[PDB]
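What follows is one structure encoded as structure tokens, with my remarks underneath.
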Protein chains: 6
Amino acid sequence: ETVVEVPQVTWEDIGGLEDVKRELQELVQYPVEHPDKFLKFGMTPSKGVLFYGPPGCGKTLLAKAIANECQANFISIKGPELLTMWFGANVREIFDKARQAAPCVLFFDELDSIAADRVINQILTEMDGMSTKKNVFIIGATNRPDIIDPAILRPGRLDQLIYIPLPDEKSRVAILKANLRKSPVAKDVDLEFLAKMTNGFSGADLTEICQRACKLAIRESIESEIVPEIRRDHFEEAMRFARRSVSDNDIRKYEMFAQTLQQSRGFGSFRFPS
Amino acid sequence: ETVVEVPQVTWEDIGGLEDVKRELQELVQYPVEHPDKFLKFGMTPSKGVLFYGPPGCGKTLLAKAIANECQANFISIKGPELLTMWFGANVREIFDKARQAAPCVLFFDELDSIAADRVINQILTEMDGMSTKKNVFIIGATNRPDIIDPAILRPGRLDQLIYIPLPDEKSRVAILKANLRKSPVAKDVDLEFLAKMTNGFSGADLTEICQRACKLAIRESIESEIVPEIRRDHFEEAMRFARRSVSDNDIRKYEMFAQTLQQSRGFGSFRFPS
Amino acid sequence: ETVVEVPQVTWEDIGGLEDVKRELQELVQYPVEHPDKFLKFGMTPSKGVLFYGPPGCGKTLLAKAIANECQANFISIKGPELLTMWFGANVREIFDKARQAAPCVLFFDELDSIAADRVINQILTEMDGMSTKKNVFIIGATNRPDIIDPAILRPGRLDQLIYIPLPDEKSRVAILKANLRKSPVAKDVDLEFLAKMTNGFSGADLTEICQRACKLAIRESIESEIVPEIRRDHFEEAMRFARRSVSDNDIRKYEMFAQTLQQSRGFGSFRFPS
Amino acid sequence: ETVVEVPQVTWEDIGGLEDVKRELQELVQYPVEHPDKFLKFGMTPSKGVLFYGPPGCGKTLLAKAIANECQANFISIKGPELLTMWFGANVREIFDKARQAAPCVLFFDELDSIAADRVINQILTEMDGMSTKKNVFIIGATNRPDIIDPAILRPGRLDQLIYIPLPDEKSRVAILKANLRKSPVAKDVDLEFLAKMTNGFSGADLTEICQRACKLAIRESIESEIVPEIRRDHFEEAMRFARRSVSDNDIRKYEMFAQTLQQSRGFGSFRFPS
Amino acid sequence: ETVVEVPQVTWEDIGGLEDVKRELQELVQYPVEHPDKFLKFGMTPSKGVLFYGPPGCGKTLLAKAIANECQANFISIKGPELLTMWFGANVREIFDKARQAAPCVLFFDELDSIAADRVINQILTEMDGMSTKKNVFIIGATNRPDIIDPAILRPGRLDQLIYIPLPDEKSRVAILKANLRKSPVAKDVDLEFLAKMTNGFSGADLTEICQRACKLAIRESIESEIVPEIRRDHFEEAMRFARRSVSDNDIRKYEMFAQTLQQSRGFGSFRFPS
Amino acid sequence: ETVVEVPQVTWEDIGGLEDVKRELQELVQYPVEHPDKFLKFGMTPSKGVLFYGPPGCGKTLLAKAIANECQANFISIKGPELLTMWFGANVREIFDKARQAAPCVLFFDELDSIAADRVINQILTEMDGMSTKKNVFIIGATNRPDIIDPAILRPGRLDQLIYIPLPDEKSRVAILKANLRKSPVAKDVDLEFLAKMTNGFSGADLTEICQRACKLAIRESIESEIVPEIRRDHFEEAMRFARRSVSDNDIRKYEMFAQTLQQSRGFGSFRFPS
Ligand SMILES: CCSc1ccccc1NC(=O)C[C@@H](C)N1Cc2ccccc2C1=O
Ligand SMILES: CCSc1ccccc1NC(=O)C[C@@H](C)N1Cc2ccccc2C1=O
Ligand SMILES: CCSc1ccccc1NC(=O)C[C@@H](C)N1Cc2ccccc2C1=O
Ligand SMILES: CCSc1ccccc1NC(=O)C[C@@H](C)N1Cc2ccccc2C1=O
Ligand SMILES: CCSc1ccccc1NC(=O)C[C@@H](C)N1Cc2ccccc2C1=O
Ligand SMILES: CCSc1ccccc1NC(=O)C[C@@H](C)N1Cc2ccccc2C1=O
């Protein structure tokens, strides 16, 4: 059955970004931690955020981390589950579970997997009829934001289109440090220079690189058995066995989407003359 | 279940237009408040109106306000409800509820979401058999009036194709006043200049702008905690993050449709020679 | 349920045409009123006629009027009913009702709305197995006569393709008189000059014009209250709000269809040499 | 329910052709009337014939007449029945009825109405498993022989593709004599010259002409009432109200099909040198 | 129900070919009559063969004859049965019947009539799980071998793609002798010259010719009654009504397929140098 | 029912390759045989590999052999089983059987046969919810790797895309030795030169060649009866009866895919400067 627990992931786990972290805080923590000014001002707290960006960059990581920050249960519904709903009334049960688990951060991973459909409109019906007062917060993830119908992007539903970009160099070394730890590693590992060589490898690609280096370590030690730490040569040579999943054209079209939403923000000099 | 109550919205809440207000009064109030001349003249009161225009302009606001004016119950059926009936005889139950709640203003929000279909034809069957004597009044809203089948525009059904344009400058400041109010705001808010710099922002866009200014106020005050009114700088720095949802081409083709229906009205000099 | 009653409409109500009146008389009245020569001659009376023409010209009016002439019940099955049968065995019950109500003029309004289909084939099965002896007479209407499958136009079924053109000028003023009557109207209404200005407005358009004039009268009187006759200015200023529903291209292609059926009739000089 | 009776139609009714009469005789009468030589020779009697030709030429007439000649029950299944089978296991019941009614001439009118389908393959299954010994003979009719799948034209099924052409001049006058008879007619009716002026009118068209002339007779007599025989002028003028249903292009493509099946027969000089 | 009996057809009935006969013996007889060497060698007997070639050439005749040679039951499943299973778990019952009837030669006539499908996949599932030890032998026939999914041509399924060409002149006279016999025929029938003048007539066409000659004999004798052997003039005057069903282009593309499978076999000079 | 047993195939059987042998060893044996370093290092063992390559190269052979090496049960689900799942909840039963049989090597043969579908999504759901701790290891096979949806290639699922190329010349003679063995063969058989002539024959093609040689031996011995060793002439001549199943274009595009995955691996000089 669905697991409803507080994720152990933390902001330190993912160093991919910092502005998105603060935006998520203001979006989620403030309505629940400080429910004082929202009633004072003409603010109706947003109950929906949609994450978009290249695949395997940490959208699930961001959702889990923000759930951890507020110590609110986290419920994840995978894409295959929505697809079996499509091929296969239980969306109401999912939402009632989330409600009874409040405060909660419901998560819809790759909700665009189906891409007006039975399950999607059922989700819309259940989301619109959800009391915004309750602590339930809904987050969706999709690496193909364009193909999602706009009926989910209307007010009272998922509003904020948050972009999760490819990690930067400092961010990349942060993700590497996060992944390698909890296992033996040489005290003279480059890490930073490891990040610099990484041009456009996503978090998934860095995890794959670390996995391959560990695998080479196991192979070497197992051969020696018939050595207590991951030597430098492992990462030194395994990087030949590394590939960039996301093509530069994909990043450029993601940036085209972002620049569209930015030129939408392009309106300027309005400054209330004094 | 469906909520059947008199909306608290009022004409003051929306200042987008005035002639539409008057024609809505003549359409709805007159048959119910003054059922004295309709039977005198060869007039069969209209019982259906279809709103069309760019999305997020106040069609729902108009319907709620006109329901409030007559103090008649208001029943809304969202697009997702029709779509789930399409995917999923409940239309009959909806109409019986409306009948038992008479006087009432049944509202079909974005009824073109389905776009000859099963549910739409059931709606037509229930509407044609509805006694015009009863006070029930049916209103439909659609942001894409062209794709709607003509079977709904026939006499005895939704006849009046009303147009809801973008709010004008004075209307825009009226909407800003109607929305911003009920929350702290600086006494020296320009508002009028705020409306003038808004070129083609719809009511939804103005609401988003106000919400963003309020959000910035909350963030600033929360930082100060670790201030009691929405400063001017909030609006000044939030407008740069204001985007016009409806494109100029969309308004141009809406005006093309309106000009088609107007040149249909273009017949002129007939003046009953005397 | 289906209404089985003698329509109160009369030939006086519709002046659109006169030849069709006599042709319908010979089609319907003669087999029932004078069943003396049909068995004498080698003629099997026709039990089906299909009306075609631009929409809103009075096809239903003609059917109701001819039913009134013979004082025979009239059963109407609207397009939404056929289409809900299509989406949703009741055709047999409809025909049994017609039989038990004999003499009757069953009417299939816009039977081409479905456009070989399940309901169409069931209707054909019930019509072929219907005893031509019984007084029941079947009439169909279709604004789109071409898309109708030929399976219904075979002998023993809907055979006579009657055309209902736009009302003539004198016929237009006849329709005006038929409509505005039963309500106050100024003794000095031109009517004839009103019809002359009407270039190609159908009966529905004239009804809309009269309704708009009555609306203006209602509004003016209600304003005056806060006058007992529809003044000339009402029609004078409502005509500018009159639009011709049927485009001249539609009338031209209708006339192309008629000229096709006429050139089929174009065989000439055969004159029985003697 | 299905009617199983010996048709009263006779060869004298239809003078459309003579060779097809003899071919049908040899195909049907011989296997049943004189079942002697078939066993002697290496002949397996054919149990299927498919009629093709322009519509309304007498395929049903031919089937009924041949059934009459052998005094064998005749069962007809209309196209709408097959279509309701398609949209709607009763084919087995139809075939068992035909078997129990043996000798019988089962008739499938416009069996190509559906045009590999459920009902058609069910018919194939029931036909292949039908004992050729039994007197049952199956005849199919289709005015669109090309669109019929070839699975029905294999040996052991409908073999003989019999063409039913447009009636000749003498045949046309024979058809007229068959039609106008049994009702009053002037002793000085052309008939022969009536046929000559008829260029390409099918049997259905000639029946329509006779029906229209009778209709004019009824109209004239009933007008005189407010004359005991169909005068010459009725046919003289009603022929202006006559049309040729089948276009010359349709006849030419039917003849293209026939000439294909004839050049298939084009093999010549083989004469067994002696 | 399915008939399971040893066919009475024999190799003498069909003289279309001889090498195919021998290879069929080696395929079927050897595993069952002489199960002595297969286990000695690394030979897993084939349990599937697919016949392909122009229609009406004797594929069913070949299957029946080979079943007769081994005196093993023969089960035939016609194409309509597969199609009705497709439209309509009976494949399992068919295979259980074949198993209980072992030794048997299951035959799937025109199994490509459906042309990955439900029934064909069920057939594959039942065939793969069939113990090759058992005497059951599966043969499929299809005159359109290209459109058949390759899933059936894998090892452990129908392997051998056997080709059945048009009968040769000597083969044609053999077929004529096999068919004409058992009925009176003149002692001076050339037969051989009849075969020579037959250019590309298939077995079905030769059977049609014989049937037509017999029919003419019946007609002549039946006329003479109102003679005891089939005269030469019957064949002479019936040959002119003989048509070659299979076009030259069809045989050419069949030979294209055969030449493809032969050039695949075209690998040559490999000869084990010694 | 599904068979759960340790395959008797061994690495000595298929000599098609050597590198994939060690790769599969490190993938499967190490996590179960020596589960000492996996928890020490930060590596989560992979629980899924997907085989791709030209058909009939031994993918099933590799899976069975690797299952044999660890002495773990082996469950195979064929393509027709998945397709009857698609046309026909039992995937869960399959996985429960695999779990209860742990350690096991579940095999999905030609899982791309279906080519987001119901069965594929159910398989993904069952695979994601499968505890990686358990010894169960999942292997998939597809000779059309491109058409497979990427939903199965994400981390935590079938991850390692292993390529099974055409056997090398030494490998080809190894396969010949593995196949021909267990049956009589001459002591003076080329084998090596036999392999050299084999340019691009896959394992299935070599099996076909051996089967044809055994067939010829069977035929010659059976003729001689009416010799106890497979003579050289059998292979000498049967090679003229052999064909290469895989076209050089297919291998070229397979190598195009391989070179794509290699250029993805093309990142080079990263060598940890020191
Ligand atoms: C917004 C890019 S979404 C995306 C991301 C990764 C992988 C695939 C996709 N979708 C597509 O490529 C579909 C094609 C038609 N694109 C291209 C494109 C560029 C800029 C703006 C919008 C579009 C769009 O709809
Ligand atoms: C009437 C515009 S309705 C509309 C409004 C907002 C967003 C989308 C739409 N529909 C479309 O764009 C479909 C395309 C095909 N249009 C364009 C157009 C211009 C003028 C008149 C009629 C049409 C029409 O059918
Ligand atoms: C017979 C016109 S019925 C009609 C009437 C009003 C509105 C629409 C329609 N149908 C169409 O326009 C379909 C198009 C393809 N037409 C044009 C036309 C001219 C003359 C003859 C036959 C055809 C026909 O099939
Ligand atoms: C054999 C004429 S069947 C026919 C008869 C009346 C009315 C309609 C039809 N069908 C068609 O017209 C379809 C078109 C594609 N034709 C034309 C044609 C000429 C000669 C030979 C074969 C074909 C054929 O398949
Ligand atoms: C192998 C001939 S199969 C056949 C036999 C009789 C009647 C019809 C058919 N199929 C077709 O005609 C379909 C078309 C597309 N062909 C032509 C052709 C020539 C050579 C090789 C392969 C093909 C093929 O797939
Ligand atoms: C990836 C080749 S899988 C394959 C193997 C054998 C037989 C058939 C197939 N599939 C195809 O041929 C589909 C066509 C469209 N190809 C060609 C191709 C070359 C290189 C890279 C990718 C593609 C691809 O998607």
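Ordering of the structure tokens sets the chain letters (A, B, ...); residue numbers start at 1 within each chain; ligands are numbered from 1 in the order shown.
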
Ligand 6: which residues are within 12 Å, counting only C-alpha atoms and all ligand atoms, as a PyMOL selection string?
chain F and resi 52-56+112+115+142-149+163+245-261

Residues of stretch 135-212 of chain E in alpha helix (DSSP H) according to DSSP, as a ChimeraX atom specification?
/E:169-180,192-197,203-212

As a list in words, please: the residues near residue F:195 (cut-off 8 Å, only C-alpha atoms, same-chain neighbours under 3 positions excluded).
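Close residues of residue F:195: residues 169, 170, 172, 173, 176, 191, 192, 198 and 199 of chain F.
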
All residues 10 Å or closer to stretch 218-226 of chain B, only C-alpha atoms, same chain fewer than 5 positions away omitted, as a list in words:
residues 26, 30, 34, 36, 37, 38, 40, 41 and 43 of chain A; 212, 213 and 234 of chain B

Please identify every residue of chain F that has at least one atom no farther than 7 Å from an atom of chain E, counting only C-alpha atoms, and for each give the shortest atom pair and the distance in Å to one decimal, arranged by chain then increasing number, as CSV.
residue,atom,partner,partner_atom,distance
F:80,CA,E:121,CA,5.6
F:84,CA,E:118,CA,6.5
F:87,CA,E:118,CA,6.0
F:180,CA,E:42,CA,6.5
F:182,CA,E:42,CA,6.9
F:183,CA,E:41,CA,4.8
F:184,CA,E:41,CA,6.2
F:211,CA,E:43,CA,5.8
F:214,CA,E:43,CA,5.7
F:215,CA,E:43,CA,6.7
F:218,CA,E:37,CA,6.5
F:236,CA,E:271,CA,5.0
F:239,CA,E:270,CA,6.8
F:240,CA,E:267,CA,5.3
F:241,CA,E:265,CA,5.3
F:242,CA,E:265,CA,5.4
F:243,CA,E:264,CA,4.8
F:244,CA,E:264,CA,6.9

Writing out the chosen residues with C-alpha atoms as a tab-separated table (two decimals), in the first residue's frame:
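As written to disk, part_28.tsv reads:
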chain	number	residue	atom	x	y	z
F	80	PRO	CA	2.97	-14.95	-26.71
F	84	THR	CA	-2.18	-12.96	-24.38
F	87	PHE	CA	-5.31	-9.23	-25.32
F	180	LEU	CA	26.64	-31.45	-33.50
F	182	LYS	CA	25.84	-36.01	-28.71
F	183	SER	CA	25.27	-37.52	-32.18
F	184	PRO	CA	27.50	-39.51	-34.55
F	211	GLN	CA	19.62	-30.20	-38.63
F	214	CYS	CA	21.23	-34.83	-39.92
F	215	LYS	CA	18.13	-34.92	-42.13
F	218	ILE	CA	18.57	-39.91	-41.99
F	236	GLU	CA	29.25	-30.56	-48.11
F	239	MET	CA	25.56	-25.91	-47.06
F	240	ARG	CA	24.03	-25.20	-50.46
F	241	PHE	CA	20.74	-25.53	-48.53
F	242	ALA	CA	21.68	-22.82	-46.00
F	243	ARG	CA	20.85	-19.12	-45.78
F	244	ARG	CA	21.87	-16.18	-43.61

Leaving out residue B:67 and any residue of its chain fewer than 6 positions from it, which residues lie within 8 Å of it when counting only C-alpha atoms, given as a VMD selection string?
chain B and resid 6 to 7 73 to 74 104 to 105

Nearest candidate to residue F:127 (options F:48, F:79, F:185, F:233; using only C-alpha atoms):
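So, comparing all the options, the nearest one is F:48.
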
Length of the atom CA of residue B:129 to atom CA of residue C:49 vector [Å]
26.9 Å

Work out how far atom CA of residue E:82 is from atom CA of residue E:111, in Å to one decimal.
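Value for the atom CA of residue E:111-atom CA of residue E:82 distance: 7.4 Å.
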